[PDB]
Amino acid sequence: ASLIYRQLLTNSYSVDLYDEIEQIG
Amino acid sequence: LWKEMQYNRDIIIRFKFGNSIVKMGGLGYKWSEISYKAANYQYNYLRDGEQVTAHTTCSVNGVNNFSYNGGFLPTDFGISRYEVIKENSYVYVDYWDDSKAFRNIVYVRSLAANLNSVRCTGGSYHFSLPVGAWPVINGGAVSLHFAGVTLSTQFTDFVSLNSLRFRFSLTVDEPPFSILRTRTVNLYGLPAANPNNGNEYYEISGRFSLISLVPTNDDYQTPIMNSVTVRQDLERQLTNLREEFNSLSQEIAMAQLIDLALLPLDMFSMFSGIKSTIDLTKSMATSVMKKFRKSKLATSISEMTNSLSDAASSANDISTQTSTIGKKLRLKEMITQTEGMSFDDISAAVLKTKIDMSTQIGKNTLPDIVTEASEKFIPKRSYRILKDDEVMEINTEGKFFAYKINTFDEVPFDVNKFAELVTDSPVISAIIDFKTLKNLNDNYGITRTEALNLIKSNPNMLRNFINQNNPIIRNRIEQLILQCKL
Amino acid sequence: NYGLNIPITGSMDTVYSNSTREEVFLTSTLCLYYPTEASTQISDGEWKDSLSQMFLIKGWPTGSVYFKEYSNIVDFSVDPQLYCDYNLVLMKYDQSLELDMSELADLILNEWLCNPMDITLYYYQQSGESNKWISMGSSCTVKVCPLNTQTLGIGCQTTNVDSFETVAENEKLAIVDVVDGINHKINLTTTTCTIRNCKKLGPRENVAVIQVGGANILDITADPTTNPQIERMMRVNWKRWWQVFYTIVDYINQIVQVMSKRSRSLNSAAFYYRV
Amino acid sequence: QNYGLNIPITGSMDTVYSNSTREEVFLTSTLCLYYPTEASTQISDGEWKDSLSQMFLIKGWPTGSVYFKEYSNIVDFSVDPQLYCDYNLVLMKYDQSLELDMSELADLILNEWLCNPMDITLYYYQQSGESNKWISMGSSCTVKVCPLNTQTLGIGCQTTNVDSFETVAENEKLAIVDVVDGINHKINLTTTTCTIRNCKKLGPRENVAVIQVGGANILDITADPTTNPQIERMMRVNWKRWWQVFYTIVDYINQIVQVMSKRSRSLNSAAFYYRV
Amino acid sequence: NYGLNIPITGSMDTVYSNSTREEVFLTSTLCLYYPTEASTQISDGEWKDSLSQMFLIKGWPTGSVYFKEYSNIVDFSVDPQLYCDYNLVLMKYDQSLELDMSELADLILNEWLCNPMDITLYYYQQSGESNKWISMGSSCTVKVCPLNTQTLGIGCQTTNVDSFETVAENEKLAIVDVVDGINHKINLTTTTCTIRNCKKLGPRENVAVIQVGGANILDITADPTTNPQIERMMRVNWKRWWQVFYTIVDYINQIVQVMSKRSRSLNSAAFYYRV
Amino acid sequence: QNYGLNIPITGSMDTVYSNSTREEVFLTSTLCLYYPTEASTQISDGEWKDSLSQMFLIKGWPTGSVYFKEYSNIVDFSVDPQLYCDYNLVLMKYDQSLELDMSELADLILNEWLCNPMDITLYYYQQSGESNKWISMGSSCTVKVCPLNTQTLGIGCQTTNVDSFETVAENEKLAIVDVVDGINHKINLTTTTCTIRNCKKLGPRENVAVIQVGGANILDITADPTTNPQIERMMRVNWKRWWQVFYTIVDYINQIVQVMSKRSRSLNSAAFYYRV
Ligand SMILES: *[C@@H]1O[C@H](CO)[C@@H](O)[C@H](O)[C@H]1NC(C)=O
Ligand SMILES: *[C@@H]1O[C@H](CO)[C@@H](O)[C@H](O)[C@H]1NC(C)=O
Ligand SMILES: *[C@@H]1O[C@H](CO)[C@@H](O)[C@H](O)[C@H]1NC(C)=O
Ligand SMILES: *[C@@H]1O[C@H](CO)[C@@H](O)[C@H](O)[C@H]1NC(C)=O
Ligand SMILES: *[C@@H]1O[C@H](CO)[C@@H](O)[C@H](O)[C@H]1NC(C)=O
Ligand SMILES: *[C@@H]1O[C@H](CO)[C@@H](O)[C@H](O)[C@H]1NC(C)=O
Ligand SMILES: *[C@@H]1O[C@H](CO)[C@@H](O)[C@H](O)[C@H]1NC(C)=O
Ligand SMILES: *[C@@H]1O[C@H](CO)[C@@H](O)[C@H](O)[C@H]1NC(C)=O
Ligand SMILES: [Ca+2]
Ligand SMILES: [Ca+2]
Ligand SMILES: [Ca+2]
Ligand SMILES: [Ca+2]
Ligand SMILES: [Ca+2]
Ligand SMILES: [Ca+2]
Ligand SMILES: [Ca+2]
Ligand SMILES: [Ca+2]
Ligand SMILES: [Ca+2]
Ligand SMILES: [Ca+2]
Ligand SMILES: [Ca+2]
Ligand SMILES: [Ca+2]
Ligand SMILES: [Ca+2]
Ligand SMILES: [Ca+2]
Ligand SMILES: [Ca+2]
Ligand SMILES: [Ca+2]
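What counts, and where the lines are drawn
Residues numbered from 1 in each chain as written, not as in the entry; some residues may be left out. Chains lettered and ligands numbered in written order. Part of a larger assembly, values for the part shown. Heavy atoms only, no water. Helix = DSSP H or I, 4+ residues; strand = E, 2+ residues; numbered from the N terminus. Buried < 20%, exposed > 50% of the residue type's maximum accessible area, 1.4 Å probe, protein only. Contact = heavy atoms within 4.5 Å. Polar contact = N/O pair within 3.5 Å; in protein donor to acceptor, adjacent residues only side chain to side chain. Nonpolar A, V, L, I, M, F, W, Y, C, P; charged D, E, K, R; others polar. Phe/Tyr/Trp six-rings, centres within 6.5 Å; stacked < 30°, edge-to-face > 60°. Near = heavy atom within 4 Å. Areas by Shrake-Rupley, 256 points an atom, 1.4 Å probe, with all protein chains shown as cover. Expected span 1.5 Å × (residues − 1). Arc of directions from axis to C-beta. Buried area = accessible area lost by both parts, 1.4 Å probe. Salt bridge = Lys/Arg side-chain N within 4 Å of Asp/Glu carboxyl O. Pairing = 2+ DSSP bridges. Axes fitted to C-alpha atoms, helices over the stretch in contact; angles between N-to-C directions. Donors = N, O, S within 2.8 Å, 3.2 Å for Na, K, Ca; no water. Disulfide = S-S within 2.5 Å. Parallel < 35°, antiparallel > 145°, perpendicular 65-115°, else oblique. Left-handed = near helix turned anticlockwise from the far one by under 90°.

The deposited coordinates for this entry were obtained by cryo-EM, with a reported resolution of 3.5 Å.

Rendered as structure tokens:
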């Protein structure tokens, strides 16, 4: 069940391109 | 507490393109810009036995800028940058109507449409030449094919009308657009000159579905005309939902929580199955990650790794060292995969059992909850390292023990000998800490096998003791659940 | 917090005894509800005092017997406030008032829990067989419009009141049952007549409805399949109101032995308004 | 569920109740504010109901979980005040000469009254004892009483001549009249305009709280003179602006509900005693 | 540095140490604030000298007891300054000034920690029950407009001051509480009145307030549930100001017993300014 | 937390001391300049406050954490200087004939006075020792002092005739007057304009530091003649250009800060001693 926190931290890089969506839009 | 309501309707969408022109000086031969512009339209139509009044707004994107310029001479024909739409360009048609469905369009669970394509053809534009042969724009055509509905809003003069936006694709068609009497023939595409061909309106017909989430505090009594708009909705207080989440632990169970905690929870497994709106089911996961990154725990992970990297090239006394390495052990627990029961398992289990029985009501608020619980749940925890059947246990508050495995009696601690092994030997979360374990061995005398298993935090032995209805383990795990209070 | 979960153990041998006491009033109160027609036919006005005197010999102290006059069944059905402890309601049977008498009986003889219904702003539903809607006022013209899953009125257009279905028109009281599980849009004249979502709890056993006239028609249960005869659904045969009142006074011991004073409420309203 | 019977509840004293936590009452109940119309006039608004509902939502109460039931003034509110609701706050604006009218209204809404009717033209009435009153409500009650000795010969009054009767209230829209307990009485009041009821005081009504907005403490709800208790539900706050009053109430609403409690009669437990 | 963290131990059988009454009386300084109409009714001007000579017998050295007249209650309420070691504030009650007296009592009887507020620039937000906004000046008109999360007003436009909601107008002092959690926009007459964001710490035990007139009205705690009667809510019934002053002089020892000198700040201000 | 008790605190001479709090003070505290309006006049600008805040940001102080204050001149600033601000610097341009007034201002701010009111009309005031002065502030202070014999008879003056009094200060915006200890004095002071306070000197003011822009060390902040100390918070700098002065201050703000320190009486540790 703790796997999700590791998944959040590991996959957190995509927030960069998500905020890129937000600011370019 | 939030009820689905289907509002699917068959609609007819009427719209017309908008044309803007700007003249260039001289005697009136040139032109500066011919471009598409946002265009409104009103109409009424009969459907289902009542006359519904509709308001549409068409706009264009992706437009090409062709050109033509006969030269610098003060009378030679040309258009400096005349546009067209072709493969790339899209057209949006915001649609609104007075029907009951569009009053309940604030919160939506799903929304999708089926519209029939249409063929738009360009008109005839006679460029205003003062004298001589009359140039003739003609031809050009595209086909609108529907692709995807979204939410939108017309910024109409009197109010802002929440509305549905239909994104139609394009498809260039047979009639080769030309500038007749001029050097441009056998193009293809719909230019901005006369996109409407004099038609009163271009027409689409289709059916759009919608699943709104009108609120409900009682089964028999469901509303119409959702009027809790984001003017009427406001930030729920931080302490208020903190108190709500703390109150939610009234109900959590004992063994079922451990059963859930023994799953692999991933992005899909957790964040799916949340009774949320479309605008939040789109990016809930990324929203959670964005605020998870900046949490105190996450920046502590970053500081740990960066400090170690910088060290790689830089070259109650005991309580303080034990506490610092306890924080370090917590960081290591979060980053790595431990083979024990791993307190963060219980934290995530409580988190899932809390958030599943809530609802998204126009604000995400899983950010500030998931990320906040990740750092606040189980504030004081404990770890242990077994070696030579002399397990050394440590508390994040600074306490320390060192006790044998075969019999649970403690030994003088060895600082800097625990620290050499905590770096490499696998850390074991101490969900059955030393105090409760000593109580258990004293009262319910246990064997070597289950002693080793409980030391290792083996799920099999933990659940065996829980299903024995052992009071010691039952109470211990109940307190574990109870510190999860944000 | 009267501990309504721990079991109570009786005994099957010992002993038939007395009821000890209860101290909230000197004693119970009997309470007649008669129509104006009784007064007009009696042609008197010392008759309430005479009836009290004749109750005294039956064994009711003087202050315990109260009398309430009402215009008729329909004008009484609106907000029937039972201000009292042992209620009898003498209902003169009249043809074409069968369903009105059944409405009033279903209202008073049973214990109701009513919530408000803001018709202008919400749709409405029915949870189950035990849930009615009760509309009361001067004139209740309750036009409903059921809606399918898609919120399109079936057999009606929600925006055209004319297409609606009039379940009950121009009634002082109307108990309406629409199909349970389908949303409805309601329409009734909110200036005069109000309407409430009323669930049915158990029976209210302070009240005895005495049908004065014809056959046994009071169908308290809206279910067509069931038609029980309750011990409080009294029926008597009349030619003269003096004879009716004399029978009531003579047999009043049985009239109160069939009822029970316990099921009483602070307010006199015939339902619990739960807002 | 074993209604209609007092059966003693046993309960341990040293039980953990770790699972026990706060009761978020606002998630289910319905808060319910009564104010004088001059509050609205001074506010000089008309989306203020929406604004207050929004602020209540921010405090926790769902959208429809708050009601704003206006009343014209204290006396006209005092005539048959039926608070069919779930958490009643009443903003009583104190003004001089409304002392006993405020006190009697407060008693009426804070004590659960069990009322039987009365036929003034037919029977003589007497209060059983300490907890019994006669509540007279109407557009204009004018209660006159002739005490009767054991021989039905009125003392200080002639049983026929209404003039010799002893007035106990006039032009009062509400009057909780108390007379000597154990004395037969003949009564006279304007039967068309005023109704009167023989009422007993049960325990306290915890559904309702009174925010007294104006002056000093006066609310002697207990008709006995010797006891003048200060019940927690009789809150008091000073004022110079109705917005300040309403903002105070909204900001501190949770403590108000903690002071109050659910109507004990409306629960299932009280099914067969006097459920209301 | 102080040993706040470490605990203090102390036995229970320790003998009572002797009285420090002489120490406090010889070192401290009583200090009476009183209205001007007190002196006007006294009609004198050797009277402060007489009062000092009469405190001298009660056990105050001559150069200790001070007198600091103030114009009236509402005017004293603006920037009230606790000049002095033991503070007494005579306060004549009159109708319609109840809230003003309560405001002053709340302001001076409690230790307020005030931060600056810039009305024009930023939207300000109340942290909790122990936070208020205190406005002081010749004329304060606190008009508030609460805002959504989108910086949009509710019940008010953010740009039209005439839609705002007044919470106190023309008051010299106003302790305004707003719903805790909201972003408000404030309109207040910035040239003549100043607003501050004031938390409320524990109680200032240096000050006593003597209500000279009527009934108990001082609701020091804005919470409407609690209405404590603090020991320093002194009250007397008056007709002659000489009688009031004689009462204070006679029972001055008990007043100081009620108060506690230790809660004296360096500044004469009634609050801690913490830019 | 056991406020109000001066209980012993133990500490080991070997515990490894902890890392810097420069970042802590920058992020949490607020720095606060006071300067004369002549400075801005010579600067001849008006985005300069914003520019200096931007420069301070690189040193570490958040944008809103620096507060600039102007004043007309030293004597005008002396009357009632309220340094309600977490790290105070006071620029002080020295020109001749202002040495005593400058030292008076420094003595007022760099130390921490607890002080009581005086009522000149009523009593005769002594001074209790070295730590006791009288501080007179106002638009025009002129303190005329008549000492008295034990028989309440003036020496070198007369209690009646004010003109025979000994004028200790005149037209001073601020005047700290000391007098012989243990002699009763009758004061005459301009009660409408100037206000006088009988003031005891507690410990020093952590919070404020004075930067003399002009000449040599003249600030004697000790009324004693036998000692003229050198305080860390009392600093000097030569100048010809106010931009240069401000740049030196901004560049060395680390050093000025860690010469000063947090106001000890604004802490919670001093809660019930003389908290300010
Ligand atoms: C019960 O009631 C009857 C009434 O006839 C009475 O005679 C009897 O005495 C009562 N029981 C007892 C134990 O007295
Ligand atoms: C009920 O119907 C009438 C006419 O049929 C209409 O005028 C009225 O508005 C309806 N009531 C509501 C609440 O819509
Ligand atoms: C709460 O816990 C106690 C003992 O821990 C148990 O007896 C009780 O049934 C529990 N009740 C609830 C509602 O959790
Ligand atoms: C009250 O007194 C009036 C005046 O005599 C009388 O007409 C009226 O009947 C009396 N009320 C009753 C209930 O008898
Ligand atoms: C305290 O008083 C008692 C009797 O009044 C006396 O015996 C004792 O010496 C005194 N102690 C001090 C310290 O003054
Ligand atoms: C207060 O409102 C007036 C107009 O009503 C306005 O001129 C003034 O600027 C407002 N105050 C502030 C601080 O903006
Ligand atoms: C204190 O500073 C040193 C270097 O200046 C650094 O190595 C050490 O980690 C710092 N202490 C902490 C607790 O970070
Ligand atoms: C000082 O003396 C003048 C007369 O020269 C007098 O007016 C004034 O009142 C005196 N000061 C005081 C404090 O009385
Ligand atoms: Ca009917
Ligand atoms: Ca139909
Ligand atoms: Ca039904
Ligand atoms: Ca039936
Ligand atoms: Ca008489
Ligand atoms: Ca009255
Ligand atoms: Ca009585
Ligand atoms: Ca009383
Ligand atoms: Ca407004
Ligand atoms: Ca005021
Ligand atoms: Ca507040
Ligand atoms: Ca209060
Ligand atoms: Ca001289
Ligand atoms: Ca000076
Ligand atoms: Ca001296
Ligand atoms: Ca010196």
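Still more ground to cover, so stick around.
Draft legend 1. Expanded view of the environment of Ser227(B). Residues and elements named next belong to chain B. Along the chain, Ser-227 turns up in the loop between β17 (202-212) and α1 (238-248). Note on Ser-227: relative accessible area 47%, which makes it partly exposed. Through-space distance from the C-alpha of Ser-227 to that of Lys-3 is 15 Å; in sequence the pair is 224 residues apart. Beyond its immediate sequence surroundings of up to four residues, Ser-227 is in contact with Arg-103 and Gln-232.

Draft legend 2. Structural detail: the interface of chain D and chain C. Contacts between chain D and chain C engage 37 residues on the former and 33 residues on the latter. In this assembly, chain D and chain C are joined by 11 residue pairs in polar contact. Of the residues forming the side of chain D that touches chain C, the biggest block, 5 residues, is contributed by strand β4 (residues 111-116) of chain D. Here the side of chain D that touches chain C is built from residues that sort into 21 nonpolar, 10 polar and 6 charged.

Draft legend 3. View of the packing of aromatic side chains. Tallied over the entire structure, the rule returns 85 aromatic pairs over all chains. Ring geometry for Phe102(B) versus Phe208(B): centroids 5.8 Å apart, planes at 65°, classification edge-to-face. Of the two residues, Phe102(B) sits in the loop between β9 (90-97) and β10 (108-115) while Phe208(B) sits in strand β17, which places them 106 residues apart along the sequence. On the accessibility criterion, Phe102(B) (3% relative accessible area) is buried. Centroid distance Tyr35(F) to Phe246(F): 6.0 Å. Interplanar angle 85°. Geometry classified as edge-to-face. Of this pair, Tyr35(F) sits in strand β1 (residues 31-36) while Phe246(F) sits in helix α6 (residues 242-251), placing them 211 residues apart in sequence. Like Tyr35(F), the residue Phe246(F) is buried in the burial classification. Aromatic rings pair up to connect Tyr34(C), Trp47(C), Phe67(C), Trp238(C), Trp241(C), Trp242(C), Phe245(C) and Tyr246(C) into one cluster.

Draft legend 4. Quick peek at the site of ligand 6. Residues and elements named next belong to chain E. Within the structure, ligand 6 sits among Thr-120, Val-161 and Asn-187. Within the side chain of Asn-187, one N or O atom sits 2.4 Å away from an oxygen atom of ligand 6. Protein contacts shield 50% of the accessible area of ligand 6, which totals 360 Å² for the unbound molecule.

Draft legend 5. View of helix α2 (residues 47-58) of chain C. All names here are of chain C. Look at α2: 17 Å from first C-alpha to last across 12 residues, which is about the 16 Å you get at 1.5 Å a residue. The complete set of buried residues in α2 reads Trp-47, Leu-51, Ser-52 and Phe-55. Seen end-on, α2 carries its buried residues on one side only, within an arc spanning 140°. Turned more than 90 degrees away from the buried face of α2 sit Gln-53 and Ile-57, all of them exposed. Lining the buried residues of α2 we find β1 (30-35), α1 (36-42), β2 (65-70), α5 (241-250) and α6 (252-257). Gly-59 sits one or two positions beyond α2 and adopts a positive phi of about 115°.

Draft legend 6. Local environment of the interface of chain C and chain B. Taken together, the contacts link 17 residues of chain C with 13 residues of chain B. Of the roughly 1,600 Å² buried where chain C meets chain B, counting both sides, 51% is carbon and sulfur surface. Interface area lost by chain C to chain B is led by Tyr123(C), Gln150(C) and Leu152(C), which between them contribute 31%. At the surface where chain C touches chain B, the tally comes to 0 salt bridges. Applying the counting rule to chain C against chain B returns 7 residue pairs in polar contact. For the side of chain C that touches chain B, a count of residues per class yields 6 nonpolar, 11 polar and no charged.

Draft legend 7. Representation of the sheet that holds strand β18 (residues 382-385) of chain B. All names here are of chain B. Strand order in the open sheet formed by 4 strands is β20-β19-β18-β21, and the pairing between neighbours is antiparallel. On the outer flanks of this sheet lie β20 (400-404) and β21 (428-429), each paired with one strand and no other. Of the strand pairs in this sheet, strand β19 (residues 390-395) and β20 are connected by 5 bridges, and their pairing is antiparallel. Paired with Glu-390 across the strands is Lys-404, a residue of β20. Against the sheet, helix α11 (residues 434-443) makes contact with β18, β19 and β20, and its axis sits at roughly 35° relative to β20, the strand it touches most.

Draft legend 8. Just unusual backbone geometry, in detail. Following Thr14(C), the chain continues to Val15(C) via a peptide bond in cis, the omega torsion being -15°. Its place among the elements puts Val15(C) in the segment before β1.

Draft legend 9. The arrangement of the sheet that holds strand β9 (residues 185-188) of chain F in detail. Residue and element names in this part refer to chain F. If you walk across this open sheet you meet the 3 strands as β7-β6-β9, and the pairing is antiparallel. Of all strands in the sheet, those bounded by a partner on one side alone are β7 (166-167) and β9. The pairing of strand β6 (residues 144-147) with β9 spans 4 bridges and is antiparallel. Within the sheet, the bridge partner assigned to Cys-146 lies in β9 and is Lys-186.

Draft legend 10. Quick look at the coordination of the calcium ion (ligand 13). Residue and element names in this part refer to chain D. Note on the calcium ion (ligand 13): its protein donors are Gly-156 (O), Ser-164 (O), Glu-166 (OE) and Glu-166 (OE). The metal-donor distances range over 2.3 to 2.7 Å. Sequence positions of the donors to the calcium ion (ligand 13) reduce to the motif G-x7-S-x1-E. Residue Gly-156 is located in the loop between β5 (132-148) and β6 (166-177), and its partner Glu-166 is located in strand β6; the two are separated by 10 residues in the primary sequence. Owing to a relative accessible area of 59%, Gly-156 belongs among the exposed residues under this scheme.

Draft legend 11. Summary view of the state of the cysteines. According to the stated counting rule, one finds 16 disulfides over all chains in the structure shown. In this model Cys145(C) forms its disulfide with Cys156(C); the gap between the sulfur atoms is 2.0 Å. Between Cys145(C) and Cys156(C) the disulfide shows an S-S torsion of about 95°. By sign, it is right-handed. With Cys145(C) in strand β5 (residues 131-146) and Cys156(C) in the loop between β5 and β6 (165-176), the pair connects residues that are 11 residues apart, well separated along the chain. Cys156(C) shares its class with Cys145(C); the two are buried. What pairs with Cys115(F) in a disulfide is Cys199(F), and their sulfur atoms sit 2.1 Å apart. With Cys115(F) in strand β4 (residues 111-117) and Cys199(F) in strand β10 (residues 195-204), this pair connects stretches of sequence that are 84 residues apart. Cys199(F) carries the same exposure label as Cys115(F), and that label is buried. Among the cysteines of chain D that take part in disulfides, numbered as they appear in the sequence, the pairing is 1-2, 3-8, 4-7, 5-6. Looking at the unpaired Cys58(B), the closest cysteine sulfur is the one in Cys120(B), lying at 8.3 Å.

Draft legend 12. Spotlight on the packing of α2(C) against α5(C). Residue and element names in this part refer to chain C. Running from N to C, α2 and α5 point in directions that differ by 25°, and their axes come no closer than 10 Å. In terms of their interaxial angle, α2 and α5 are classed as roughly parallel. In this structure, α2 meets α5 at a crossing whose hand is right-handed. Here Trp-47, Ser-50, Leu-51, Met-54, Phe-55 and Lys-58 of α2 come into contact with α5, specifically with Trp-242, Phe-245, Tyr-246, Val-249 and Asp-250. Considering only residue class, the contact of α2 with α5 consists of 8 nonpolar, 1 polar and 2 charged.

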